[PDB]
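>>> Compute the structure for the input listed below.
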Amino acid sequence: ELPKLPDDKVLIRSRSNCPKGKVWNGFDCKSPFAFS
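Numbers count the residues shown, from 1 in each chain. Please find the structure below.
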């Protein structure tokens, strides 16, 4: 997938995915706990 918007599929921290129940940011797909 081109648009990083997963959670319960691959959630590859690599550089093109967002973990379970998370939220992207200027340059990172992850939970708000690490951004909010």
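>>> Give me the distance between the two termini of stretch 12-19.
7 Å (CA to CA, to the nearest Å).
>>> And stretch 15-25, by the same measure?
Using CA to CA, the end-to-end distance of stretch 15-25 comes to 13 Å.
>>> now do stretch 11-24
End to end - CA to CA - stretch 11-24 spans 12 Å.
>>> which residues touch that stretch?
Applying CB atoms under 8 Å, 6 or more residues apart in numbering, the contact partners of stretch 11-24 are 1, 4-8, 10, 29-32, 35-36. C-beta: built from backbone N, CA, C; applies to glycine.
>>> Centre of the chain to that stretch, how far?
2 Å (CA atoms, centre = their mean, to the nearest Å).
>>> Only the buried subset of the contacts of stretch 11-24, as a ChimeraX command please.
Here the buried members of the contacts of stretch 11-24 are turned into a ChimeraX selection, burial being counted by 16 or more other CB atoms under 10 Å:
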select :4,6,29,30
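>>> Once you drop chain neighbours, what's closest to the residue positioned nearest the centre of the chain?
By CA atoms, centre = their mean, the mean C-alpha position of the chain lies nearest to residue 18, the distance being 1.6 Å. Excluding its sequence neighbours, the residue lying closest to residue 18 (CB to CB, 6 or more residues apart in numbering) is residue 29, at 3.2 Å.
>>> Spell out which strands sit alongside whichever strand or helix holds that neighbour in the sheet and which way each one runs.
If you go by DSSP states H and E, residue 29 is part of strand 28-30. Taking DSSP bridges as the criterion, strand 28-30 forms sheet pairs with strand 23-25 (antiparallel).
>>> one step back: these two touch, right, the residue nearest to residue 18 and residue 3?
No - taking CB atoms under 8 Å as the definition, residue 29 is not a contact partner of residue 3, at 10.0 Å.
>>> now the end-to-end length of stretch 20-30.
First residue to last in stretch 20-30 (CA to CA) measures 8 Å.
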